[PDB]
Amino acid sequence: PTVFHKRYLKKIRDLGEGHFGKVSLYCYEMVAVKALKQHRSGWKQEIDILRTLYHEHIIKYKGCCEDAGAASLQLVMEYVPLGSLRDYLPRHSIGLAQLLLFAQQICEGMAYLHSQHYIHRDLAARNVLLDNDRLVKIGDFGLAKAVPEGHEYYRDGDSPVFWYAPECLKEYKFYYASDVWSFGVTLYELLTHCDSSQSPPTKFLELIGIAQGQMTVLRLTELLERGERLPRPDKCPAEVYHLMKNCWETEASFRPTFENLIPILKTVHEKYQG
């Protein structure tokens, strides 16, 4: 609800861009401001969403301002200092216990998101932000959607297909279980420390090849239904990988909820946290 006056706004630098908008670091206190580059109508929804989302593992809304240069509003948020895990992990040697802590927190955050009856549709390492080495936050909701009252699923080249479940690439339906498939891929990223050479796009394209023209997704869909999966990350515990494969069930109903995962991650964490 707070109003930011674009007059006390000093642009420090760019923090990122993707899908619809761009995010820049601003001085006012330091804030991260997101701006919109049909897309317009969703932007009104996204903002409202973030305004009504309050959780220790979801980026904090702080207000809006007059984006004079683009017929709408900008979305002011808190500045998460250490950036996303995709940015951070490649540069910092993090232990397994810590990574599992991040994982548990992502689930806590996702569990809360779903209980608000929202799907995310873009859960990846690039969208998880590091506040400090013991705190992580979901930092973007550009694709987030409200799940229709009387349905269990919600119905683009900018889609993160390498993070998506088969029912998304195939039936174009997005279930809460779909986000869980995404979490599994996000868990994989963490365990590989977001190394570029091991990324979902890179590894999935090694399997599919690049002489597939307009059929990248169709090939992707059918290798997933042959039961093929992302490899086990080196130094990834056996049971953890099993936890990954369980999130990657072809049958979405065989997938654990984020509810179910919190208890399990909590225990696997305490284990290796010793």
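Start at 1 with the first residue shown and count on from there.
Gap check for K37 to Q38: 4 to 9 deposited residues are absent from the model. Unmodelled stretch separating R155 from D156: 1 to 3 residues (count of deposited-sequence residues without coordinates). Of the two stretches examined, 130 to 138 and 68 to 76, the record assigns the greater average C-alpha temperature factor to 68 to 76. 245 to 253 and 59 to 67 differ in mean CA B-factor, and the higher of the two is recorded for 59 to 67. Residue set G95, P166, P148, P90: peak C-alpha B-factor at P148 (per PDB entry).
When the modelled residues of the chain are ordered by C-alpha B-factor, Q104 sits in the lowest third. For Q212, the recorded CA temperature factor ranks within the highest third of the chain's modelled residues. In the deposited entry, the Cα temperature factor of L205 places it in the lowest third of its chain's modelled residues. For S159, the recorded CA B-factor ranks within the highest third of the chain. Only modelled residues enter the ranking. Annotation for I49: CA B-factor lies in the highest third of the chain's modelled residues.
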